[PDB]
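Enquirer: Mind having a look at this structure? Questions to follow.
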Amino acid sequence: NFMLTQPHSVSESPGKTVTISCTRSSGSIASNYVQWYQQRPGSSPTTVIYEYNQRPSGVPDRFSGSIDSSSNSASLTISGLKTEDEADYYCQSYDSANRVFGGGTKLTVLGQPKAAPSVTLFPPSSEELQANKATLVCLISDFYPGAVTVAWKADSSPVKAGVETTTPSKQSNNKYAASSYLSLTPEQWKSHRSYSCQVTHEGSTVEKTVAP
Amino acid sequence: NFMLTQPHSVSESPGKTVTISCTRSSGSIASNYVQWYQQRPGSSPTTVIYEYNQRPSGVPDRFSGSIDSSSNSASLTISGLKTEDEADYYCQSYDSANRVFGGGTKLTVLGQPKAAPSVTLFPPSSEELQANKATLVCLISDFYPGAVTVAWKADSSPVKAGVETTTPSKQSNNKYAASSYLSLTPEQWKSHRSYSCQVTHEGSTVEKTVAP
Amino acid sequence: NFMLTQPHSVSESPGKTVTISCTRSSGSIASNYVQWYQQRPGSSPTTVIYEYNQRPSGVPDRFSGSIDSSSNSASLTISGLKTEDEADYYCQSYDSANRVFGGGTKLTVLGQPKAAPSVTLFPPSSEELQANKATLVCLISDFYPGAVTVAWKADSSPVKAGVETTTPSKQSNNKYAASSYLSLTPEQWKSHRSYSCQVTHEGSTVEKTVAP
Amino acid sequence: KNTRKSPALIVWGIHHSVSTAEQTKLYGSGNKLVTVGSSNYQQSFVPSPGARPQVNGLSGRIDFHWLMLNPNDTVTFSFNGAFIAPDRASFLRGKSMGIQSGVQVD
Amino acid sequence: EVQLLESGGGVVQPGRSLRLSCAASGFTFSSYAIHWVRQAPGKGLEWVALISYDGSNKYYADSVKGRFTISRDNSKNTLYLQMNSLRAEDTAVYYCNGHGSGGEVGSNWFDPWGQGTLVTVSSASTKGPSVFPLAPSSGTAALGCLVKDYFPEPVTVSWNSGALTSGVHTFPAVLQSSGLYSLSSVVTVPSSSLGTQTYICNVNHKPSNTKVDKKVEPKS
Amino acid sequence: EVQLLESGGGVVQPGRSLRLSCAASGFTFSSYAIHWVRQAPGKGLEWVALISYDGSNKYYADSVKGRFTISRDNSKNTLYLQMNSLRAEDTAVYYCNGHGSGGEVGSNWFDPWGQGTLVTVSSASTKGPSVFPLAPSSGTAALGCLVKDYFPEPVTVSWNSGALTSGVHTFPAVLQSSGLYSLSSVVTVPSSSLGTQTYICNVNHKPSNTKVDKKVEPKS
């Protein structure tokens, strides 16, 4: 019936205030209650807000809930951010009886200045084309925050033939790294002029292309 | 004053339920009544819904109308689809006295698995360039459903200098076929690196390019 | 908290009516009053509308204000346009006590048929690459109205490394002219296949590319 | 709190604005509330901003409420805006007689 | 003292069945309705199912209807999720999560969650990694070595027989849609050593006992 | 008779301070609240600050908090904006603008604006223009001449020693983010005269006293 859209990521400096939106595609946001959940890595989710604004016992006064009937959205806002707050946040509302969860919003609290990724694409190996195959290798490293979008393009056009990993942290520089593998065949690899590894990081979309 | 936007196409398996949206660009959807019309190929339109939810005598109980004041939309929903329902559907509302029609929504009921198109582009003929002209030939065939978007791009950029046909069916495979002709001159054909025949089919946007 | 978005430009023939929208990103447009300001070149702004519809003493009956709670917008409409009306228009609403201004809307009244721009891009000078630099030169001339968007692309991708001028008029043809300078280095200039000077004019987006 | 040993006449008012826009302009945004309290009277007032029939040009109204506060009793105005506060309270002096007529005095 | 205990998780193949259980202790189980909520790795939460306090009503997600079947035993305070006819995407952590008013309308927020039980649904084929070359396109550059189509984790990577470690990194693996793992490892170097030292890649995936070399040399 | 007089505008460097003043005459200044609203060149309006009728409340824009400080003297009918710790972007025209109900609710629209005082914040370096070649990529074409990295305006451009004026245009300058000016000048010609006449560019920026030539010749 409807879906809840929240931003893929957001970031703000400690002590500053941050807000996260939750927009309902169909139906009034005031029709059904909205719960705000916090999930830390590996841990089970913990409710931070319930019934649009109610702060359960234990949650500090920084967490506040709000409703914007105009944009049909729900907002979770934290004032005076602390590094403990760095987790994923999910909004959840109700279809008639079924629960509906948001897409998640990775909230990272700044622990250093923002770093753009180091993209290093790779042309497909020759012996793979001798196995009648093609799998590109796009390597992304040294970027902060750990939120990145990786879209491959067949010369600036939507491609869905690839597999790309999640974004784990670095055991070395407290940054995050990731990779991506676009799989095709030498026919498609030669019947198109090039293919682009597009990497949007904090809006700045670095790109690296490969051509036959 | 305002325009009614409805999706270009939609499809669903028989027996399943389907919904079609109608979003009003300016003004409340509850300000004026919304009528839902059905038009079969060649036939005159027949009203399926009137006054947002009212089922005229003859229309089966599967057809239902709804209003979403939040998204300022109107939805026509059919439960338990049947192959007879495969037609175009237009929503119509009212500016003060003038009637306003939706862009149409081609509803195809699945009669087979979805087939992606077979795009075969053609470079412009040489003797045409010897007539100081250039008209590309993009041929689209063997695709189901019969809804396809054909946008030409001057290296990923909006071009409006072409003429493309509607999408009729096949007398052979019960599929649909179409064509497109982008018209230019050899100067523009050589002052740009390439031109793309982009063909979005059920979201999957196949593309074929041409370069000098 | 919220921002007011109004179109970058709009144009209409004299005697015809024109409308300008002002959409509030967060919060009801009816929550706070909306003022409509007119700013002529060099002159100080003069209020044309206040409190959503009120016409201050001096403003002719052509100016009207309206509210669209559905699209959460505010519209300023002029009937029977006159060449004097050709100025910039800003909508302004209120966050709790702070004032918030719209992005501006350049309204040009037609004094001639619309002219598409004459784009002449330039490859970066060689001796500049011998100074380990790269600054492109995109020259835009002979276009009317004087509203143009200039986005550079790293092969159809957002670039923010350039500086582009505003659009002043012509002392010769009563048209408008502008320029743009994308600054990079020969490494990036050779690690990317090309860069595009994209120039949207009245929707028609002329483009000129440069390649190493 | 009432000092004298005769009852007090207290009067306040609510401003139902022409629209939520004017009400926000005057008293800020957010729901407005005026609770009035007293040992023998307790009520809550919420302004309803709306475009009433345009009386003499203004669609907004100001209504008045009143209570008699007995001696040595307290009245509490908790409010958030849209409150027409009183400066003075009234104390009835003695006894009188009220009439209605249009005829001349003598 | 209030807790939920998910049990019955493990690795399965597609087309098969599974059953999950939740043990409730510390509250009036008979009064609240209970929910099943899962989360695929690297993905977000997704509500799966719910059953009422008296089992009269069961509501399933549209993406799981027909296959899963929820049930409960109040006398035993146990929740059951029957995941027959499994697919590949159903691989996720599975939490049992109580969510309901419970007869009261004041209703201080009561929404307990368990620790979640992992349900991995991979196909087959403990496999050996196939190694491919990754050459640099000619004042610094980098080149690599491809470890594709292996199962299962982990592996041990050693470039040039555990010699070149400065400026080298090994990235985590991906789970292909085919169900088999694959990971990469790249080395960064100045543009100087191009052609000088041949770069043989030496991997070691232990269960498959496969160790393959791959030297990188620039093409032409 | 009602008017507002902005004073104190001028050119400054970053990191420094500034103070602005508005002289009010023709109305009851003590009753209305007063606002500071600026506008960068070629850009739109931006509300900067406001102060109440009695100075009890001061509200600043989020983009300017900490640096600017608003104040008023009702006995002198003067408004003051303290712009210390300036940045490069603060360069704008600064209007004082009265905006408030003023105790009345009927309140015929009263919103006066001044003429605005220019505040330019550039860095340094009165510089000489560096000239670069602009060649055409081979029935008409065009070629140019680049005047980059100069300060301050204006300049005087003469192509081929003030000879070729037909089909030639000189476009306005841009303000680089580095604070230094740069402008161009192009000539349009038929595709015939390619290689025939060499094209020497002759500029003259007066304060820098720099006049440099640059001939254009097609590459290969």
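Labels used: A, B, ... for chains in the order of the structure tokens, numbers from 1 for residues in each chain, and numbers from 1 for ligands as shown.
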Would you list, as number ranges by chain, the residues of stretch 10-189 of chain E that end up in strand (DSSP E) under DSSP run on this structure's backbone?
Expert: E: 11-12, 19-25, 34-39, 45-51, 58-60, 68-73, 78-83, 92-98, 117-121, 130-134, 140-150, 156-159, 168-170, 174-175, 181-189
Enquirer: Set the distance at 7 Å and use only C-alpha atoms: which residues neighbour residue C:149 once local chain neighbours fewer than 6 positions away are removed? I'd like the list as a ChimeraX atom specification.
Expert: /C:199-201
Enquirer: Specify as number ranges by chain all residues of chain C found within 10 Å of chain A, counting only C-alpha atoms.
Expert: C: 1, 24-30, 69-72, 154-160, 191-193
Enquirer: Give me the residues within 8 Å of residue A:185 as a short mmCIF file (atom, residue, chain, number, x, y, z; two decimals) with N, CA and C atoms, in the first residue's frame, counting only C-alpha atoms and dropping any in the same chain fewer than 6 places off.
Expert:
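File produced: part.cif:
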```cif
data_model
loop_
_atom_site.label_atom_id
_atom_site.label_comp_id
_atom_site.auth_asym_id
_atom_site.auth_seq_id
_atom_site.Cartn_x
_atom_site.Cartn_y
_atom_site.Cartn_z
N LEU A 129 37.71 -13.19 -20.39
CA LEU A 129 37.13 -13.09 -21.72
C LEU A 129 37.41 -14.33 -22.55
N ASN A 132 34.75 -16.61 -21.83
CA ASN A 132 33.49 -16.00 -22.27
C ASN A 132 32.72 -15.40 -21.09
N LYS A 133 33.37 -14.43 -20.45
CA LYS A 133 32.80 -13.76 -19.28
C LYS A 133 33.42 -12.37 -19.17
N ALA A 134 32.89 -11.58 -18.24
CA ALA A 134 33.44 -10.26 -17.95
C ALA A 134 32.91 -9.82 -16.60
N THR A 135 33.82 -9.57 -15.65
CA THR A 135 33.45 -9.10 -14.31
C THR A 135 34.40 -7.97 -13.93
#
```
Enquirer: Looking only at the backbone, which of the residues in stretch 143-212 of chain A does DSSP tag as alpha helix (DSSP H), as number ranges by chain?
Expert: A: 186-190
Enquirer: Counting only C-alpha atoms, which residues of chain D sit at most 9 Å from some atom of chain F, and what is each one's closest atom pair with its distance in Å to one decimal, listed by chain and rising residue number, as a tab-separated table?
Expert:
```
residue	atom	partner	partner_atom	distance
D:25	CA	F:101	CA	8.9
D:26	CA	F:105	CA	8.6
D:58	CA	F:106	CA	8.6
```
Enquirer: Using only C-alpha atoms and a cut-off of 9 Å, which residues of chain F sit close to chain C? Please list them as a PyMOL selection string.
Expert: chain F and resi 41-50+59-61+95+108-109+111-116+132-137+142-144+146+171-177+183-184+186
Enquirer: Can you build me a table of chain C residues sitting at most 8 Å from chain D, with the closest atom pair per residue and its distance in Å to one decimal, using only C-alpha atoms, sorted by chain and residue number, as a Markdown table?
Expert:
```
| residue | atom | partner | partner_atom | distance |
| --- | --- | --- | --- | --- |
| C:30 | CA | D:21 | CA | 5.9 |
| C:31 | CA | D:21 | CA | 5.2 |
| C:32 | CA | D:21 | CA | 4.8 |
| C:33 | CA | D:21 | CA | 5.5 |
| C:96 | CA | D:28 | CA | 6.9 |
```
Enquirer: Any idea what the distance is between atom CA of residue E:205 and atom CA of residue E:182?
Expert: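 Going from atom CA of residue E:205 over to atom CA of residue E:182, I get 11.3 Å.
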